[PDB]
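The residues making up each chain are set out below.
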Amino acid sequence: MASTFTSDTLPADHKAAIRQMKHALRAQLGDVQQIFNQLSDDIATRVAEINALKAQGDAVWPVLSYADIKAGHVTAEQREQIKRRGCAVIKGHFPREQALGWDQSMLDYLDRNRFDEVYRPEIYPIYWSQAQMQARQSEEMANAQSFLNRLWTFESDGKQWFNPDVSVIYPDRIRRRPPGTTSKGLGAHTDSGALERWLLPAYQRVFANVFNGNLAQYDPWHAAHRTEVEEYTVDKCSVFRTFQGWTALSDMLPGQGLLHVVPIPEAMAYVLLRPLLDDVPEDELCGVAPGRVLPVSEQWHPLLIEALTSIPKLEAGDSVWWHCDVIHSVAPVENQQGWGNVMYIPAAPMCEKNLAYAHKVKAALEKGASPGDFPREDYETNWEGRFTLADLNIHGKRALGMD
């Protein structure tokens with residue numbers, strides 16, 4: 001059924017593959033419209049909960065204290081909330097002064113190496129500052145990643161899909177937005193693949209209960225086969241992330257062009273079935289295109305867009321997280337008040353796929369070169385004060401697949 005249209009790599013004729021995919025899946029579903037209507041009603045109950053919370057001024061994003069994570073005192077109710085909303089805010093993951101200190105440390109590292117001489121939001125092509133790497137291999141980050149990964153069912157049918165207690169080092173850039181920044185923001189979308197979610201054999205397995213109409217049996221927290229997903233290479237993320245996330249390096253004020261998410265992890269089911277309805281052109285996938293993130297819009301997903309929810313006010317040191325299937329955006333802002341500085345650090349549990357990238361990460365770290373999933377700029381190759389292999393602690397070594 002799936003073999004008639006699936007492909008482990010980018011199909012030579014994606015439109016033809018899409019057409020066959022639609023024919024095959026519509027046949028399997030039988031009455032996709034009825035299934036979609038029921039799914040819409042179920043998702044609507046969640047949207048209602050979200051609107052009720054907003055009306056009460058109550059928090060929508062689950063909020064947990066790092067203190068509880070560290071002490072191992074997060075309640076079952078709290079864990080349940082994260083599984084229901086697909087996201088979380090970890091308060092005081094790092095002391096506020098530590099987070100602010102890291103931001104200043106990176107700036108001093110840039111000055112020391114005359115960045116301005118060798119090089120309105122802006123992403124820095126820097127990956128190996130001591131602040132960035134120490135944060136990544138910190139006990140605090142390790143504890144949070146373990147906690148988050150364990151919300152997933154990673155063991156099923158006598159097989160462990162990933163090690164929740166060790167996450168690979170996924171070097172990313174730091175973003176800094178000073179007061180006065182004006183940005184159009186980013187439209188709602190999801191990562192971890194677009195067209196792949198329909199054509200990759202691995203995703204057909206992951207979403208088997210979505211595409212066969214047995215939605216009641218689809219669990220967004222089931223890990224099976226997600227570790228086998230390989231994003232297409234078009235003209236790009238090489239790791240499996242359970243959660244995307246970032247740590248605040250500055251306080252983040254309400255309404256100042258902030259991250260928003262649709263706190264309904266199962267919303268992806270609606271996204272996957274939408275292109276199968278009767279008002280979609282044969283060759284189209286509601287905006288999806290090779291080489292671009294999967295877009296979510298009012299045009300195609302009105303029910304989902306209504307649920308977009310901003311992160312609450314944050315203090316530097318807090319971290320925010322969202323399930324890999326969660327729809328997210330960044331609201332526009334004009335003459336931003338306060339700062340908007342963040343450090344991207346996800347949760348990517350060790351597995352065959354992530355170990356392969358870990359080896360590449362280790363090599364880049366040794367040279368100070370830009371990581372594989374990023375542009376080849378290699379600014380830090382001759383920089384001083386850089387974090388090196390000699391600075392790795394035991395957690396960092398495991399996170400790099402080292403002995």
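Our structure is the block above this text.
Rules behind the numbers
- Residues numbered from 1 in each chain as written, not as in the entry; some residues may be left out.
- Heavy atoms only, no water.
- Helix = DSSP H or I, 4+ residues; strand = E, 2+ residues; numbered from the N terminus.
- Expected span 1.5 Å × (residues − 1).
- Buried < 20%, exposed > 50% of the residue type's maximum accessible area, 1.4 Å probe, protein only.
- Arc of directions from axis to C-beta.
- Contact = heavy atoms within 4.5 Å.
- Pairing = 2+ DSSP bridges.
- Axes fitted to C-alpha atoms, helices over the stretch in contact; angles between N-to-C directions.
- Salt bridge = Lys/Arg side-chain N within 4 Å of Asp/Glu carboxyl O.
- Disulfide = S-S within 2.5 Å.
- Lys, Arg positive; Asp, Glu negative; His and termini not counted.
- Polar contact = N/O pair within 3.5 Å; in protein donor to acceptor, adjacent residues only side chain to side chain.
- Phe/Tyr/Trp six-rings, centres within 6.5 Å; stacked < 30°, edge-to-face > 60°.
- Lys NZ or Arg CZ within 6 Å of the ring centre and 35° of its normal.

So, about helix α5 (residues 96-112). For α5, spanning 17 residues, the distance from its first C-alpha to its last is 24 Å, which sits close to the expected 24 Å at 1.5 Å a residue. For α5, the full list of buried residues reads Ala99, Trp102, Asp103, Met106, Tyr109 and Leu110. Down the axis of α5, the buried set is contained in an arc of 120°. They therefore lie on one face. Pointing more than 90 degrees away from the buried face of α5 are the exposed residues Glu97, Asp111 and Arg112. If you follow the buried residues of α5, they end up packed against α6 (115-118), β3 (122-124), α7 (130-136), β7 (174-176), β9 (243-248) and β15 (342-344).

This part covers the sheet that holds β7. Ordered in space as β1-β2-β13-β9-β15-β7-β3, the seven strands form an open sheet in which the pairing is mixed. This sheet does not close on itself; its edge strands, each paired only once, are β1 (63-65) and β3. With direction set aside, neighbouring strand axes in the sheet form an average angle of 25°. Here five bridges tie β9 to strand β13 (residues 319-323), and the two strands are oriented antiparallel to one another. Within the sheet, the bridge partner assigned to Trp246 lies in β13 and is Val320. The strands touched by α5 are β3, β7, β9 and β15; relative to β7, the strand with the most contacts, the crossing angle is about 95°.

By the definition in use, this model includes 14 salt bridges. Note that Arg84 is salt-bridged to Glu49, the shortest N-O span being 2.7 Å. Residue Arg84 is found in helix α4 (residues 76-85), and its partner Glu49 is found in helix α2 (residues 32-55); the two are separated by 35 residues along the sequence. Residue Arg84 is classed as partly exposed on the basis of its relative accessible area, which comes to 29%.

Moving on, we get to the sheet that holds strand β14 (residues 328-330). Two modes of strand pairing occur in sheets, parallel and antiparallel, and in both the strands are linked by backbone hydrogen bonds. Strand order in the open sheet formed by five strands is β11-β8-β14-β10-β12, with antiparallel pairing between adjacent strands. Strand pairing shows two members of the sheet lacking a second neighbour, β11 (294-295) and β12 (309-310), which therefore form its edges. Relative to β12, strand β10 (residues 259-261) runs antiparallel, the two sharing two bridges. Note on β12: the bridge partner recorded for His260 is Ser310.

The tally for this structure, following the rule as stated, stands at zero disulfides. Take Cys87: it sits in no disulfide, and the sulfur closest to it among the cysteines is that of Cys324, at 13 Å.

Before going further, it helps to spend a moment on the side chain of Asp373. Looking at the element boundaries, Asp373 is found in the loop between α14 (352-367) and α15 (394-398). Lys236 is the oppositely charged side chain nearest to the buried, salt-bridge-free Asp373, at an N-O distance of 6.0 Å. Here the side chain of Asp373 touches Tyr170 through a polar contact of 2.7 Å, side chain to side chain. Only 2.6 Å separates the side chain of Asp373 from the side chain of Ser238, close enough to count as a polar contact. When neighbours within four sequence positions are excluded, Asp373 is seen to be in contact with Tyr170, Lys236, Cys237, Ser238 and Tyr357.

Attention now moves to the packing of aromatic side chains. Under the counting rule described, the total for this entry stands at 18 aromatic pairs. Seen from their ring centres, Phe115 and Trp383 are 6.2 Å apart, and the 80° between their planes marks the pair as edge-to-face. This pair shows no difference in class: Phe115 is buried, exactly as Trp383 is. Plain terms: the ring middles of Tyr203 and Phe207 are 5.3 Å apart, the flat faces sit at 15° to each other, and that makes the pair stacked. An aromatic cluster is built from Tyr109, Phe115, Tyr119, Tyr124, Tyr379 and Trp383, whose rings are joined through pairwise contacts. The ring of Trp161 has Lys159 lying over it, and the distance from NZ or CZ to the ring centre is 3.7 Å.

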